[PDB]
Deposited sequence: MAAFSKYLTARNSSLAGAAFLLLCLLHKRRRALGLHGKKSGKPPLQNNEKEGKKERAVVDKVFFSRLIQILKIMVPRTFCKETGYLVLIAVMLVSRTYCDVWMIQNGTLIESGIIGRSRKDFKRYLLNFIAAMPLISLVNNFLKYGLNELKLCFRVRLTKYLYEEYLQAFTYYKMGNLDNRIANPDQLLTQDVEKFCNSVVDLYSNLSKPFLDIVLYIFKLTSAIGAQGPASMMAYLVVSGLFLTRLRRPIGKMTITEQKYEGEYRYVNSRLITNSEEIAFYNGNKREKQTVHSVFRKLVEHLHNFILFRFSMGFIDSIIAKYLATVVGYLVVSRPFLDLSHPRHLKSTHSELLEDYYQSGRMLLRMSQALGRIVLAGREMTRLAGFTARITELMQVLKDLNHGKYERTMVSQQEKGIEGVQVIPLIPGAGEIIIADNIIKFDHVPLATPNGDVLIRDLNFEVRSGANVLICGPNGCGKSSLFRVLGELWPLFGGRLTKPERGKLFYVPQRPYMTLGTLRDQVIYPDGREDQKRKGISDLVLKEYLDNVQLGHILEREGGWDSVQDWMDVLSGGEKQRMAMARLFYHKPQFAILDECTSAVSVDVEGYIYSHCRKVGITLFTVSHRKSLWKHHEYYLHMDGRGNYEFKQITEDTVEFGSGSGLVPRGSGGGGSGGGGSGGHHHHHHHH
């Protein structure tokens, strides 16, 4: 988080995404804000001018002037509220418009061709992508708009008040006040250097105190078996004393530093301000400004004095806004990292995953109802080769059974099957990403109606395009014997958190009902049909055979060996067996 030319360039790009045109609504809010910033400055100076006239009326014991200027203030009261609150409304809307624009751009780039998947399970340059896509966008939009507003308001205030004081007091007044404020700020900043060192030391000691307590907790049983209460007490007490003595020293230093700070920045500023403003008055022979009535002297003094105070407050605010620029730089850096990674992924380039050409080798061809592995060395994307050259085919209507110990390498095969990981040479055949399925032990369950659950990848209008009437959907439910669920929550339209409402067996049955509804070419059964009866398994397998859906199974059960022709076996050290059938066993 350091401000350079790269920082500004990166802001320019991000803002270009956030301001696409010149006649959008963001430009409308920007001009609205600029107009209200100028109006707000004028309203503030008018209040300064009118307040002294009300007070001169009161002091002069004149009811005419008091009432005249009080009514001027009352009649102008609503306009000031509009000018201030319309500014706030414009700023809030600009933040919200910025958020919507950035989120649309990020998510359009994000939900495209496994990029959401690759971001976490194929790269490591960003963790917790959801946090960065949601929280950082809001924070960045808020920070950029807050910086704009907080640098645009003080700037105008300082310009106007310096211009007016150049005439009321002369160029010497504002210059001397600003010179003192700058010098005092530098001097106090130099004096306040140690606070940072003491602050980090305090945080370190508090961290040590927390860590020691946590250790005493996690190892409470072993300590309890010992009679070590009189020892852990000594250790924690010693750590507490270490922290406490530092706190004394930090408090004493803060007291000493505060004393000088109050004297220099709080009261000598008042003395300098009195000296600066008093020049036109105490100079009885001042050229032209002040040879006037008492009321004129009263008004001129208090107008000038209040202008100096508000000018100095503006200097403080602009300093604060400059400090907030650092946070803006931090948010921009994170967002720029995100945008870079999306650009890398969307073009296939990836780096730092969690040797042949890692970023894709060989070729992939497109065909239907045919899968052909031809010298494809499936491997982890890190480059670690899982196995030697592998070759096998599943031509049509053929079932393959995966057997062996805990695989840890078959997942790689399944991921390359659905383009999830790059190819590593040879030539391979696949359909167009829509003909492959994979149901884990607990299939994916969405939030919404049961019709959404069974029509997951498609919308209702998509179903109408296919013409699948709800009766056929019920038949698919009937085949898996899930038709009774329709009455559980009052029809299809019922919306519930289906992730936990259904039991395991129900989830797998609906998942295969979804498989039935889709009628794809290939599917993977990653040992999911574990909470269902044998009869239903054979019943669904019979449908799969009759329909023509090729199926991959990982059951390993003897009956499933009888129901499958091919088989794959791995020893955990690198090997694979592929043949027609086994007479009795491997």
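Stretches with no C-alpha position, numbering per deposited sequence from 1:
According to the deposited record, C-alpha coordinates are absent for 1-56, 411-423, 656-688, which together make up the missing parts.
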